[PDB]
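So the structure is just underneath, and the comments pick up after that.
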Amino acid sequence: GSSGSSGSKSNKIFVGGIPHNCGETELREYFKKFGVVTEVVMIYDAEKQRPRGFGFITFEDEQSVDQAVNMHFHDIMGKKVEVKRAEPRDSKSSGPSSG
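Okay, so the sequence shown: first residue is 109 according to my numbering, each after it adds one.
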């Protein structure tokens, strides 16, 4: 997961229920039909360095998001992956100067 997005529109989706065999490559390889995967976020414990079974994914055009959302399901590696419309969120703010 990276921190840097200008596009006002949030083409990010929430992918959960992901199997213990599915990964970045797969996700995209399966989320490339709906449109174009620009970024692939994944939540996991560094120590482990592996996606438990959930995360998020960014597309090129908001459209993609909708396409996936509607389906709210996908067959990746013989598994049903849940997908929902994700929303933008960050913990950064502007500052006047060094304090």
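Ideal Cβ placement from N, Cα and C applies to all residues, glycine included.
- The beta carbon of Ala176 is closer than 6 angstroms to those of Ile121, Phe142 and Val191 in its chain, skipping five residues each way along the sequence.
- In this chain, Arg158 is not harboured by any beta strand (DSSP E), its DSSP state being neither H nor E.
- Comparing alpha-carbon positions, the option among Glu195, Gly203, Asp153 and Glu132 lying closest to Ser116 turns out to be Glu195.
- With fewer than 16 other beta carbons inside 10 angstroms of its own, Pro204 counts as exposed.
- Contact annotation: the segment 150-157 does not touch the segment 181-189, with fewer than three C-beta pairs closer than 8 angstroms.
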